[PDB]
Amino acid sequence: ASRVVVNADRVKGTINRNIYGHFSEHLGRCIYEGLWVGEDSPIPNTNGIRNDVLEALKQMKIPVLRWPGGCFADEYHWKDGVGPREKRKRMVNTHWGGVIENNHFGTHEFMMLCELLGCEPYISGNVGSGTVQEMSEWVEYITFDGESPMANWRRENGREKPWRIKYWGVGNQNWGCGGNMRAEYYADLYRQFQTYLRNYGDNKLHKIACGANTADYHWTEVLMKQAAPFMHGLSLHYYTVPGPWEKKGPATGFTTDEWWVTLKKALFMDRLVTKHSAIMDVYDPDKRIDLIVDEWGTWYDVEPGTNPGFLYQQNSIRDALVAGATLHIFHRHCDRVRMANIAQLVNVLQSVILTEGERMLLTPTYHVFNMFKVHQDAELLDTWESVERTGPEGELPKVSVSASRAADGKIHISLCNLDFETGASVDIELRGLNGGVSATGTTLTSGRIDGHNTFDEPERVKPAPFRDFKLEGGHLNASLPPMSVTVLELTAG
């Protein structure tokens, strides 16, 4: 059995709710159809945004949403997306299908979406092909409460008082699609651009510099050495890609080897965060600067017969395990990691939701985010563990476990069983509790390693009650189902 000791009276820090963040690019059907259907759509909607998706995302408690992209954000000229909707310019979505963007979803529609969702906006500005004045004017347009060409324009377009926004990304993937820049050059641009992004009124911008791709430690070193005093956060991008880029593998119908490889690569997040954080510690020992993992998740070959530029992929219990295990990694590093954004909210990459016209389904990934929402802004509890191994040559931990205490005093313990073949015995010792407790549980599992939901069968994989445990005086013994994500709730009394 795996052994876990939860020290309920020992708080290790706060799990920022933004660790549970999301990301929606103008790519494929993430924005159009996935969210924006238009006010005159036969699809039931609120001001042009489909209701089924809205309600599901509200239930999930989305904390923050990144927009309008990765790559698209460094091609975007925000002025194209404001003004009378019917008069907005077209565009060439160069990176993603080479299709035409109608700009009907723009700044006002995105702010409205965030308000409808109850989430924070995180906007990514254009460095690669934009100018300093253009980005500065966007911030002014959004946040300025006085009179000026930009503020007046905002009011004309129907938003009288300024919006508040905290998170502002000063360019995306500038080492690549954002201009193929050396770190030294981007650091100079970053320092210049950020100078002109002001705090107007009561707004306080948290300026985020473009961070490393995967294991590019040199990028982190340069950006920290050259630009630390001018940033409030530094990003990191890491996708879980089973096979070579040229042939990543399928989202469903994959082999056992692909199961193990996928989970092994997902867990590499821990090494990356650890090593990037170590460099950040050298230049920023007080940990003032956030590490922001603003693109992560699995990336497979798209579904057969679909446009590879649209990145539509299915989503299975394998993805749920990647999501659960990775979120636990963020928990462990919550002293430095204060936001993460899983790549792509709807119809794109590792989505929580997929739509097909008026129909939608919730993926196993959605269910993980919904079950784990109890960790948002929770206090991380000290836990010691000794877990059995699983997979080829015991390369994987059998179980991943995290415990937190919510503001209402309830304790949540979440556990992932990475082995698809057998259940996992976990003995959890509860210490420093004070009173006594009772427990309920919920578990997300499947009977197939590629178990997934479809439009005809939207509920093939979904949470269910979990009762296979015993709680007896300071000890909670659980038998986790194979390939499962489980959440236990302990209440006083």
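A residue's number is simply how far along the shown sequence it sits, counting from 1.
Student: Quick one: say whether 448-456 or 434-442 has the higher mean Cα B-factor in the deposited entry.
Tutor: According to the entry, 434-442 carries the higher average C-alpha B-factor.
Student: Name the higher of the two by mean Cα B-factor in the PDB entry, 460-468 versus 425-433.
Tutor: It is 425-433 that shows the higher mean C-alpha B-factor.
Student: Please pick out which of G394, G158, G130, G178 has the largest Cα B-factor as recorded in the entry.
Tutor: Of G394, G158, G130, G178, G394 has the highest C-alpha B-factor.
Student: Please pick out which of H108, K225, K275, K204 has the largest Cα B-factor as recorded in the entry.
Tutor: Comparing C-alpha B-factors across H108, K225, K275, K204, the top value belongs to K204.
Student: Quick check on the deposited entry: does the C-alpha B-factor of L345 sit in the lowest, middle or highest third of its chain?
Tutor: Ranked within chain, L345 CA B lands in the middle tercile.
Student: What third of its chain's C-alpha B-factors does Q313 belong to: lowest, middle or highest?
Tutor: Middle third by C-alpha B-factor.
Student: Based on the entry's values, in what third of the chain does the Cα temperature factor of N18 lie: lowest, middle or highest?
Tutor: Bottom third by C-alpha B-factor.
Student: Quick check on the deposited entry: does the C-alpha B-factor of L263 sit in the lowest, middle or highest third of its chain?
Tutor: According to the entry, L263 has a C-alpha B-factor in the chain's middle third.
Student: Split into thirds by Cα B-factor across the chain's modelled residues, where does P149 land: lowest, middle or highest?
Tutor: For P149, the deposited C-alpha B-factor lands in the middle third.
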